[PDB]
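Heads up: the structure comes next, in structure tokens.
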Protein chains: 2
Amino acid sequence: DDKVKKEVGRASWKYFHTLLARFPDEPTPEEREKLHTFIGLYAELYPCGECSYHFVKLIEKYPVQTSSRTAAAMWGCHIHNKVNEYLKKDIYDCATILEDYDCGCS
Amino acid sequence: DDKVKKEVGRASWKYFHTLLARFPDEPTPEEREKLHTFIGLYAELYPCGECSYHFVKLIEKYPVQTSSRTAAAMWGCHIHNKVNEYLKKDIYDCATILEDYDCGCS
Ligand SMILES: Cc1cc2nc3c(=O)[nH]c(=O)nc-3n(C[C@H](O)[C@H](O)[C@H](O)COP(=O)(O)OP(=O)(O)OC[C@H]3O[C@@H](n4cnc5c(N)ncnc54)[C@H](O)[C@@H]3O)c2cc1C
Ligand SMILES: Cc1cc2nc3c(=O)[nH]c(=O)nc-3n(C[C@H](O)[C@H](O)[C@H](O)COP(=O)(O)OP(=O)(O)OC[C@H]3O[C@@H](n4cnc5c(N)ncnc54)[C@H](O)[C@@H]3O)c2cc1C
């Protein structure tokens, strides 16, 4: 129900923004191509009917910015804010988008 | 640092298993290929170099089963258990894999 959608959404966003924060600063044409294809599949395969419906249209209306890490993670913050806007939720400050989602990795 | 990686990991698995449990029972050939492609990028783009390296090897050794929701969900559980075994963590019983992740299919 509403519960599941909320719990899954939170986990997904956490993974989503962390993934983008790791995208390279100088992506190659192939990497830019891969992120583009991943996003399309991410949207199409998202585990919630209405969510996928809305999200597929959003990414086509505002395609993922793949020129760089900053552009991609920022696009992620902007796209998530489009969902927030849609759900009447607060808009998140994107000023520390990379720092907010460190991979905690090497 | 390691606590962040673990948090990112938990969030990713939650999303991952739910996605597999929401895949169609009767997928079309195109949906099957999209899932195959998605999993390849998911492994390739995971937010941790070492994790990604090992996971890519795993999905190649154990390619995703896309014939149905159940096959895909079962595959996801086994693949996660391969990571568990790798990190010397306990094995997870896959007997109720669909239910555990709100397949909305019971
Ligand atoms: C691709 C996708 C599409 C979705 N579509 C819908 C839908 O159509 N209908 C519906 O009911 N639900 C939808 N959801 C669910 C929804 O977006 C929320 O995940 C959910 O309702 C839980 O809300 P929340 O308040 O806990 O914050 P979320 O929106 O889950 O919160 C993520 C957390 O990340 C942070 N955050 C918030 N905004 C941003 C941002 N802009 N950039 C970076 N971090 C941010 C904050 O710390 C916050 O607590 C979707 C989820 C995903 C992942
Ligand atoms: C693609 C991917 C690759 C990863 N690779 C590495 C790596 O190489 N090295 C490293 O240090 N970390 C890696 N991680 C992180 C790691 O697997 C864990 O997420 C993390 O250490 C935290 O573990 P946890 O014990 O809290 O449970 P996780 O293993 O995070 O648990 C999620 C939870 O899901 C359930 N669960 C457990 N096993 C299964 C299963 N088999 N099927 C369905 N549900 C299950 C349980 O409820 C458990 O609480 C990876 C994560 C992902 C998503």
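Please read every residue number as a count from 1 along the shown chain.
Placement of Cβ uses the backbone N, Cα and C atoms for every residue, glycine included.
Look at Swiss-Prot and you will find B:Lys5, B:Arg10, B:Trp13, B:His54, B:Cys77, B:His80, B:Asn84, B:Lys89, B:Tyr101 tagged as FAD binding site, backed by experimental evidence. Taking Cβ-Cβ distances under 8 Å and a sequence separation of 6 or more, the neighbours of B:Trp13 (FAD binding site) in its chain are B:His80.
For B:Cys48-B:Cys51 (among others), the entry in Swiss-Prot reads disulfide bond, with the evidence type sequence analysis. For B:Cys51 (disulfide bond), the number of other Cβ atoms no farther than 10 Å from its own Cβ, over all displayed protein chains, is 21.
For B:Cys94 (disulfide bond), the same-chain residues lying six or more positions away in sequence with a CB closer than 8 A to its CB are B:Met74, B:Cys77, B:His78, B:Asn81. The disulfide bond annotation in Swiss-Prot covers B:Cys77-B:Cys94 (among others) and rests on experimental evidence.
For B:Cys103-B:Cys105 (among others), the entry in Swiss-Prot reads disulfide bond. In three-state terms derived from DSSP, B:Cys105 (disulfide bond) belongs to neither a helical nor a strand segment and is classed as coil.
Filtering B:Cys77, B:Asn84, B:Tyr101 by Cβ distance to ligand 2 (under 6 A) retains the following binding-site residues: B:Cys77, B:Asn84. With an 8 Å limit on C-beta distances, the recorded positions from B:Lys5, B:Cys48, B:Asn84, B:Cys94 that reach chain A are B:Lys5, B:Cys48.
Each of the recorded positions B:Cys48, B:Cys77, B:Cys103, B:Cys105 was scored by other CB atoms within 10 A of its CB, and the lowest score goes to B:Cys105.
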